[PDB]
$ cat query-v9.cif   # mmCIF, N, CA and C atoms
data_final
loop_
_atom_site.label_atom_id
_atom_site.label_comp_id
_atom_site.auth_asym_id
_atom_site.auth_seq_id
_atom_site.Cartn_x
_atom_site.Cartn_y
_atom_site.Cartn_z
N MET R 1 14.86 -6.49 -20.08
CA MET R 1 16.23 -5.95 -19.71
C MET R 1 17.20 -6.31 -20.82
N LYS R 2 18.14 -5.43 -21.08
CA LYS R 2 19.24 -5.76 -21.94
C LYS R 2 20.23 -6.53 -21.10
N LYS R 3 21.15 -7.25 -21.76
CA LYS R 3 21.99 -8.15 -20.99
C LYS R 3 22.94 -7.38 -20.02
N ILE R 4 23.42 -6.21 -20.48
CA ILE R 4 24.23 -5.32 -19.69
C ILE R 4 23.71 -3.91 -19.80
N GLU R 5 23.24 -3.39 -18.68
CA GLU R 5 22.64 -2.02 -18.65
C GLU R 5 23.48 -1.18 -17.72
N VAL R 6 23.71 0.07 -18.05
CA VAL R 6 24.44 0.97 -17.22
C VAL R 6 23.61 2.26 -17.06
N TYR R 7 23.29 2.59 -15.84
CA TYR R 7 22.47 3.77 -15.49
C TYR R 7 23.39 4.84 -14.98
N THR R 8 23.27 6.03 -15.56
CA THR R 8 24.12 7.16 -15.31
C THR R 8 23.33 8.44 -15.21
N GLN R 9 24.01 9.48 -14.81
CA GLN R 9 23.42 10.83 -14.97
C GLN R 9 24.57 11.80 -15.15
N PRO R 10 24.25 13.06 -15.57
CA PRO R 10 25.32 14.07 -15.66
C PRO R 10 25.98 14.43 -14.31
N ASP R 11 27.16 15.01 -14.39
CA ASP R 11 27.90 15.48 -13.21
C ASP R 11 28.05 14.35 -12.21
N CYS R 12 28.53 13.23 -12.76
CA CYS R 12 28.62 12.03 -11.96
C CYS R 12 29.97 11.38 -12.31
N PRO R 13 31.06 11.80 -11.73
CA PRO R 13 32.31 11.19 -12.07
C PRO R 13 32.39 9.70 -11.83
N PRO R 14 31.71 9.18 -10.78
CA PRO R 14 31.77 7.71 -10.60
C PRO R 14 31.09 6.95 -11.77
N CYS R 15 30.09 7.58 -12.42
CA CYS R 15 29.46 7.05 -13.56
C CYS R 15 30.39 7.05 -14.74
N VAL R 16 31.11 8.16 -14.95
CA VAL R 16 32.11 8.21 -16.01
C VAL R 16 33.18 7.15 -15.75
N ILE R 17 33.70 7.01 -14.56
CA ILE R 17 34.66 5.98 -14.26
C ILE R 17 34.16 4.59 -14.60
N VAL R 18 32.94 4.20 -14.19
CA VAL R 18 32.42 2.94 -14.57
C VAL R 18 32.26 2.76 -16.01
N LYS R 19 31.72 3.73 -16.74
CA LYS R 19 31.59 3.62 -18.13
C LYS R 19 32.88 3.45 -18.85
N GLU R 20 33.88 4.25 -18.51
CA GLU R 20 35.13 4.17 -19.16
C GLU R 20 35.85 2.85 -18.83
N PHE R 21 35.67 2.34 -17.62
CA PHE R 21 36.19 1.01 -17.31
C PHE R 21 35.53 0.01 -18.27
N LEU R 22 34.23 0.03 -18.40
CA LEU R 22 33.54 -0.87 -19.26
C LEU R 22 34.03 -0.78 -20.68
N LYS R 23 34.21 0.43 -21.17
CA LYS R 23 34.71 0.66 -22.52
C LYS R 23 36.13 0.15 -22.68
N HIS R 24 36.97 0.40 -21.71
CA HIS R 24 38.36 -0.09 -21.79
C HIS R 24 38.37 -1.58 -21.91
N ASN R 25 37.43 -2.25 -21.27
CA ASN R 25 37.28 -3.68 -21.36
C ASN R 25 36.41 -4.19 -22.51
N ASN R 26 36.00 -3.34 -23.38
CA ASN R 26 35.27 -3.63 -24.53
C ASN R 26 34.02 -4.40 -24.25
N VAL R 27 33.28 -3.97 -23.21
CA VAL R 27 32.03 -4.55 -22.78
C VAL R 27 30.89 -4.07 -23.65
N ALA R 28 29.98 -4.95 -24.08
CA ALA R 28 28.85 -4.58 -24.93
C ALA R 28 27.68 -4.17 -24.07
N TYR R 29 27.73 -2.96 -23.53
CA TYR R 29 26.63 -2.39 -22.68
C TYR R 29 25.75 -1.48 -23.43
N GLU R 30 24.56 -1.24 -22.83
CA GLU R 30 23.70 -0.09 -23.23
C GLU R 30 23.55 0.82 -22.01
N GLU R 31 23.59 2.10 -22.27
CA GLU R 31 23.59 3.14 -21.23
C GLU R 31 22.29 3.88 -21.21
N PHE R 32 21.93 4.30 -20.06
CA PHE R 32 20.71 5.13 -19.88
C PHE R 32 20.98 6.26 -18.92
N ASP R 33 20.56 7.49 -19.26
CA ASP R 33 20.73 8.70 -18.47
C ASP R 33 19.48 8.90 -17.72
N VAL R 34 19.44 8.76 -16.41
CA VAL R 34 18.23 8.77 -15.61
C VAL R 34 17.69 10.24 -15.38
N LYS R 35 18.50 11.21 -15.69
CA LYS R 35 17.91 12.62 -15.75
C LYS R 35 17.15 12.83 -17.03
N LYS R 36 17.59 12.29 -18.13
CA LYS R 36 16.95 12.54 -19.45
C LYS R 36 15.97 11.52 -19.84
N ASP R 37 15.98 10.37 -19.22
CA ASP R 37 15.08 9.32 -19.59
C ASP R 37 14.28 8.94 -18.36
N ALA R 38 13.04 9.38 -18.27
CA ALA R 38 12.18 9.04 -17.15
C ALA R 38 11.89 7.58 -16.93
N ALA R 39 11.75 6.78 -18.00
CA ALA R 39 11.53 5.38 -17.89
C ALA R 39 12.69 4.69 -17.25
N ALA R 40 13.90 5.14 -17.69
CA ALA R 40 15.14 4.60 -17.14
C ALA R 40 15.23 4.95 -15.64
N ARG R 41 14.89 6.19 -15.29
CA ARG R 41 14.84 6.57 -13.87
C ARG R 41 13.90 5.64 -13.09
N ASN R 42 12.73 5.33 -13.67
CA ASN R 42 11.81 4.48 -12.96
C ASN R 42 12.27 3.08 -12.85
N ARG R 43 12.93 2.56 -13.91
CA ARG R 43 13.50 1.22 -13.76
C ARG R 43 14.57 1.20 -12.59
N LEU R 44 15.50 2.18 -12.56
CA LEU R 44 16.53 2.24 -11.54
C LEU R 44 15.90 2.13 -10.11
N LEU R 45 14.96 3.02 -9.82
CA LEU R 45 14.43 3.18 -8.50
C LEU R 45 13.44 2.05 -8.12
N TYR R 46 12.57 1.71 -9.05
CA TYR R 46 11.39 0.83 -8.73
C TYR R 46 11.51 -0.58 -9.23
N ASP R 47 12.32 -0.88 -10.27
CA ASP R 47 12.58 -2.26 -10.70
C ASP R 47 13.84 -2.79 -9.97
N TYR R 48 14.93 -2.02 -9.99
CA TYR R 48 16.23 -2.46 -9.49
C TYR R 48 16.51 -2.07 -8.07
N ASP R 49 15.59 -1.30 -7.51
CA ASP R 49 15.75 -0.92 -6.12
C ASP R 49 17.06 -0.27 -5.72
N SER R 50 17.54 0.61 -6.61
CA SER R 50 18.80 1.26 -6.46
C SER R 50 18.56 2.74 -6.38
N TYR R 51 19.23 3.44 -5.52
CA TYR R 51 18.93 4.87 -5.23
C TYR R 51 19.88 5.75 -5.86
N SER R 52 20.94 5.36 -6.53
CA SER R 52 21.98 6.18 -7.06
C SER R 52 22.56 5.66 -8.33
N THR R 53 23.29 6.49 -9.07
CA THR R 53 24.11 6.08 -10.16
C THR R 53 25.59 6.22 -9.79
N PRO R 54 26.45 5.43 -10.41
CA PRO R 54 26.18 4.36 -11.36
C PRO R 54 25.48 3.19 -10.74
N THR R 55 24.66 2.58 -11.57
CA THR R 55 24.19 1.19 -11.32
C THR R 55 24.30 0.46 -12.58
N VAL R 56 24.81 -0.79 -12.52
CA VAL R 56 24.98 -1.70 -13.66
C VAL R 56 24.16 -2.92 -13.38
N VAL R 57 23.43 -3.39 -14.38
CA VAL R 57 22.69 -4.64 -14.28
C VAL R 57 23.26 -5.59 -15.29
N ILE R 58 23.69 -6.75 -14.80
CA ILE R 58 24.43 -7.77 -15.64
C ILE R 58 23.60 -9.08 -15.62
N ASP R 59 22.89 -9.37 -16.70
CA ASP R 59 22.03 -10.57 -16.76
C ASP R 59 21.11 -10.67 -15.58
N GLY R 60 20.61 -9.52 -15.19
CA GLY R 60 19.64 -9.40 -14.11
C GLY R 60 20.21 -9.06 -12.76
N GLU R 61 21.51 -9.17 -12.57
CA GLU R 61 22.13 -8.89 -11.30
C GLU R 61 22.40 -7.38 -11.14
N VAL R 62 21.96 -6.80 -10.04
CA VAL R 62 22.07 -5.34 -9.80
C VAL R 62 23.35 -5.06 -9.05
N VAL R 63 24.27 -4.22 -9.58
CA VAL R 63 25.47 -3.82 -8.91
C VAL R 63 25.25 -2.29 -8.75
N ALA R 64 24.94 -1.90 -7.53
CA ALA R 64 24.55 -0.55 -7.17
C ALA R 64 25.80 0.16 -6.75
N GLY R 65 25.98 1.37 -7.23
CA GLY R 65 27.10 2.17 -6.81
C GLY R 65 28.42 1.75 -7.42
N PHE R 66 29.54 2.20 -6.84
CA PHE R 66 30.95 2.04 -7.34
C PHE R 66 31.58 0.79 -6.80
N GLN R 67 31.52 -0.31 -7.57
CA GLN R 67 32.05 -1.64 -7.20
C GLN R 67 32.80 -2.33 -8.35
N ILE R 68 34.01 -1.90 -8.56
CA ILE R 68 34.75 -2.33 -9.71
C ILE R 68 35.04 -3.78 -9.71
N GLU R 69 35.52 -4.31 -8.58
CA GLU R 69 35.92 -5.72 -8.58
C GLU R 69 34.66 -6.65 -8.74
N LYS R 70 33.52 -6.26 -8.20
CA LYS R 70 32.29 -7.02 -8.36
C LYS R 70 31.90 -7.00 -9.90
N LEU R 71 31.99 -5.84 -10.54
CA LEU R 71 31.82 -5.81 -11.99
C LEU R 71 32.77 -6.73 -12.72
N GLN R 72 34.04 -6.69 -12.39
CA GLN R 72 34.99 -7.53 -13.12
C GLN R 72 34.59 -9.03 -13.04
N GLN R 73 34.21 -9.44 -11.80
CA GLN R 73 33.73 -10.79 -11.42
C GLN R 73 32.58 -11.16 -12.39
N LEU R 74 31.56 -10.35 -12.33
CA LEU R 74 30.29 -10.63 -13.02
C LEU R 74 30.35 -10.61 -14.54
N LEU R 75 31.28 -9.83 -15.04
CA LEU R 75 31.37 -9.66 -16.52
C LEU R 75 32.33 -10.69 -16.99
N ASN R 76 32.72 -10.90 -18.20
CA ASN R 76 33.65 -12.21 -17.73
C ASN R 76 35.19 -12.14 -17.84
#
$ encode --input "query-v9.cif" --output "structure tokens"
Amino acid sequence: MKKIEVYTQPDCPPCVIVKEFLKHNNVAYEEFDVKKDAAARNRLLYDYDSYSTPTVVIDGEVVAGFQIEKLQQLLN
């Protein structure tokens, strides 16, 4: 796992919101598009046990869905 992973897909405004929040905060993330990257899709569903995007993984912690304040907490 990378230290900060962000799972997204197209036509997903909540994903854009999370990403842009992360960017505004100058967070060093890596992003994965689960429609275009099958491995990333498999990690989301079968490693992280998350059914939707956005999902962010922060040093192993899975934050599934739209949870801004939990992200702020976890990031520093």
$ select_by_dssp --input "query-v9.cif" --residues "region 8-51 of chain R" --states "strand (DSSP E or B)" --output "PyMOL selection string"
chain R and resi 8+30-33
$ write_last_selection --input "query-v9.cif" --atoms "N, CA and C atoms" --output "PDB file, in the frame of the given file"
ATOM      1  N   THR R   8      23.270   6.030 -15.560  1.00  0.00           N
ATOM      2  CA  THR R   8      24.120   7.160 -15.310  1.00  0.00           C
ATOM      3  C   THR R   8      23.330   8.440 -15.210  1.00  0.00           C
ATOM      4  N   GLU R  30      24.560  -1.240 -22.830  1.00  0.00           N
ATOM      5  CA  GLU R  30      23.700  -0.090 -23.230  1.00  0.00           C
ATOM      6  C   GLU R  30      23.550   0.820 -22.010  1.00  0.00           C
ATOM      7  N   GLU R  31      23.590   2.100 -22.270  1.00  0.00           N
ATOM      8  CA  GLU R  31      23.590   3.140 -21.230  1.00  0.00           C
ATOM      9  C   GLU R  31      22.290   3.880 -21.210  1.00  0.00           C
ATOM     10  N   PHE R  32      21.930   4.300 -20.060  1.00  0.00           N
ATOM     11  CA  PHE R  32      20.710   5.130 -19.880  1.00  0.00           C
ATOM     12  C   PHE R  32      20.980   6.260 -18.920  1.00  0.00           C
ATOM     13  N   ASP R  33      20.560   7.490 -19.260  1.00  0.00           N
ATOM     14  CA  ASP R  33      20.730   8.700 -18.470  1.00  0.00           C
ATOM     15  C   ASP R  33      19.480   8.900 -17.720  1.00  0.00           C
TER      16      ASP R  33
END
$ closest_atom_pairs --input "query-v9.cif" --of "region 41-75 of chain R" --to "region 16-28 of chain R" --cutoff "8 Å" --atoms "only C-alpha atoms" --output "CSV"
residue,atom,partner,partner_atom,distance
R:54,CA,R:18,CA,7.2
R:66,CA,R:18,CA,7.4
R:68,CA,R:18,CA,7.5
$ select_by_dssp --input "query-v9.cif" --residues "chain R" --states "alpha helix (DSSP H)" --output "list in words"
residues 13, 14, 15, 16, 17, 18, 19, 20, 21, 22, 23, 24, 38, 39, 40, 41, 42, 68, 69, 70, 71, 72, 73 and 74 of chain R
$ closest_residue --input "query-v9.cif" --among "R:5, R:67, R:29, R:59" --to "residue 44 (chain R)" --atoms "only C-alpha atoms"
R:5
$ closest_residue --input "query-v9.cif" --among "R:64, R:4, R:15, R:34" --to "residue 76 (chain R)" --atoms "only C-alpha atoms"
R:4
$ atom_distance --input "query-v9.cif" --atom1 "atom N of residue 35 (chain R)" --atom2 "CA of residue 74 (chain R)"
25.0 Å
$ axis_aligned_box --input "query-v9.cif" --around "region 53-65 of chain R" --padding-each-side "4 Å" --output "JSON"
{"center_x": 24.0, "center_y": -2.1, "center_z": -11.8, "size_x": 16.8, "size_y": 25.2, "size_z": 18.0}
$ atom_distance --input "query-v9.cif" --atom1 "atom C of residue 36 (chain R)" --atom2 "atom C of residue 71 (chain R)"
25.8 Å
$ atom_distance --input "query-v9.cif" --atom1 "atom N of residue 57 (chain R)" --atom2 "CA of residue 75 (chain R)"
10.3 Å
$ closest_residue --input "query-v9.cif" --among "R:45, R:60, R:51, R:33" --to "residue 2 (chain R)" --atoms "only N, CA and C atoms"
R:60
$ resolve_selection --input "query-v9.cif" --expression "the PyMOL selection byres (((chain R and resi 55 and name CA) around 7) and name CA)" --output "ChimeraX atom specification"
/R:6-7,52-54,56-57,63-65
$ decode --input "query-v9.cif" --residues "region 6-36 of chain R" --atoms "N, CA, C and O atoms" --output "compact mmCIF listing (two decimals), in the first residue's frame"
# COMPACT_ATOMS: atom_id res chain seq x y z
N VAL R 6 -6.09 7.07 -2.82
CA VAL R 6 -7.40 7.58 -3.06
C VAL R 6 -7.99 6.85 -4.27
O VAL R 6 -7.43 6.91 -5.36
N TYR R 7 -9.11 6.20 -4.06
CA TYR R 7 -9.80 5.41 -5.09
C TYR R 7 -10.97 6.20 -5.58
O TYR R 7 -11.82 6.66 -4.81
N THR R 8 -11.06 6.35 -6.90
CA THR R 8 -12.03 7.18 -7.57
C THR R 8 -12.58 6.49 -8.79
O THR R 8 -12.14 5.40 -9.15
N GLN R 9 -13.59 7.10 -9.36
CA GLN R 9 -14.00 6.69 -10.73
C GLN R 9 -14.60 7.91 -11.40
O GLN R 9 -14.88 8.91 -10.76
N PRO R 10 -14.81 7.82 -12.74
CA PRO R 10 -15.48 8.94 -13.43
C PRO R 10 -16.94 9.19 -12.97
O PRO R 10 -17.62 8.29 -12.44
N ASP R 11 -17.43 10.38 -13.25
CA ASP R 11 -18.82 10.77 -12.96
C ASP R 11 -19.11 10.52 -11.50
O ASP R 11 -20.11 9.91 -11.08
N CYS R 12 -18.20 11.06 -10.68
CA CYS R 12 -18.28 10.82 -9.25
C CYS R 12 -17.96 12.16 -8.58
O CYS R 12 -16.84 12.42 -8.17
N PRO R 13 -18.90 13.05 -8.43
CA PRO R 13 -18.59 14.30 -7.80
C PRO R 13 -18.06 14.19 -6.39
O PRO R 13 -17.13 14.95 -6.01
N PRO R 14 -18.53 13.19 -5.59
CA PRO R 14 -17.94 13.08 -4.23
C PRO R 14 -16.44 12.73 -4.27
O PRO R 14 -15.68 13.20 -3.45
N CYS R 15 -15.99 12.02 -5.32
CA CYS R 15 -14.63 11.72 -5.53
C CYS R 15 -13.85 12.96 -5.87
O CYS R 15 -12.73 13.23 -5.33
N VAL R 16 -14.39 13.79 -6.77
CA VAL R 16 -13.76 15.07 -7.09
C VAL R 16 -13.68 15.93 -5.83
O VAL R 16 -12.60 16.58 -5.62
N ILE R 17 -14.72 16.05 -5.05
CA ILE R 17 -14.67 16.79 -3.82
C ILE R 17 -13.57 16.32 -2.89
O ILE R 17 -12.79 17.16 -2.32
N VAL R 18 -13.45 15.01 -2.63
CA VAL R 18 -12.38 14.53 -1.82
C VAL R 18 -11.05 14.80 -2.37
O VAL R 18 -10.12 15.29 -1.69
N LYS R 19 -10.80 14.57 -3.66
CA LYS R 19 -9.56 14.85 -4.23
C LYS R 19 -9.17 16.29 -4.14
O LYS R 19 -8.03 16.61 -3.86
N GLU R 20 -10.08 17.20 -4.46
CA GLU R 20 -9.77 18.58 -4.42
C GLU R 20 -9.54 19.06 -2.98
O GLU R 20 -8.75 19.95 -2.74
N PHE R 21 -10.26 18.49 -2.02
CA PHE R 21 -9.96 18.79 -0.61
C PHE R 21 -8.51 18.38 -0.34
O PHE R 21 -7.79 19.13 0.37
N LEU R 22 -8.12 17.18 -0.70
CA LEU R 22 -6.80 16.72 -0.47
C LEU R 22 -5.77 17.61 -1.10
O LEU R 22 -4.74 17.98 -0.49
N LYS R 23 -6.00 18.02 -2.33
CA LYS R 23 -5.11 18.91 -3.04
C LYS R 23 -5.03 20.28 -2.37
O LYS R 23 -3.96 20.90 -2.26
N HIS R 24 -6.15 20.80 -1.96
CA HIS R 24 -6.15 22.12 -1.27
C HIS R 24 -5.31 22.04 -0.05
O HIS R 24 -4.74 23.09 0.41
N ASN R 25 -5.29 20.91 0.62
CA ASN R 25 -4.47 20.69 1.78
C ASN R 25 -3.05 20.16 1.51
O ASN R 25 -2.33 19.78 2.45
N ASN R 26 -2.66 20.10 0.28
CA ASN R 26 -1.40 19.73 -0.16
C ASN R 26 -0.96 18.40 0.37
O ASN R 26 0.21 18.18 0.75
N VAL R 27 -1.88 17.41 0.33
CA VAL R 27 -1.66 16.06 0.76
C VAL R 27 -0.93 15.27 -0.30
O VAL R 27 -1.31 15.43 -1.49
N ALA R 28 0.08 14.47 0.06
CA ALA R 28 0.85 13.68 -0.89
C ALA R 28 0.19 12.33 -1.10
O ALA R 28 0.63 11.35 -0.65
N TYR R 29 -0.88 12.31 -1.88
CA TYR R 29 -1.63 11.05 -2.21
C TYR R 29 -1.27 10.50 -3.53
O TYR R 29 -0.78 11.19 -4.41
N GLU R 30 -1.62 9.21 -3.72
CA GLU R 30 -1.68 8.60 -5.07
C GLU R 30 -3.11 8.17 -5.33
O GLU R 30 -3.81 7.68 -4.45
N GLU R 31 -3.56 8.38 -6.54
CA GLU R 31 -4.95 8.14 -6.96
C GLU R 31 -5.04 6.95 -7.86
O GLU R 31 -4.10 6.65 -8.63
N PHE R 32 -6.14 6.30 -7.77
CA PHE R 32 -6.43 5.15 -8.67
C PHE R 32 -7.86 5.20 -9.13
O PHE R 32 -8.78 5.32 -8.31
N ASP R 33 -8.10 5.00 -10.44
CA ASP R 33 -9.41 5.02 -11.08
C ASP R 33 -9.85 3.61 -11.18
O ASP R 33 -9.27 2.79 -11.90
N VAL R 34 -10.87 3.18 -10.45
CA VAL R 34 -11.27 1.79 -10.36
C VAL R 34 -12.09 1.31 -11.63
O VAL R 34 -12.39 0.12 -11.68
N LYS R 35 -12.50 2.25 -12.43
CA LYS R 35 -13.02 1.82 -13.80
C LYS R 35 -11.89 1.49 -14.74
O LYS R 35 -12.06 0.58 -15.57
N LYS R 36 -10.80 2.20 -14.69
CA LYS R 36 -9.68 2.00 -15.65
C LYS R 36 -8.62 1.11 -15.16
O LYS R 36 -7.77 0.64 -15.96
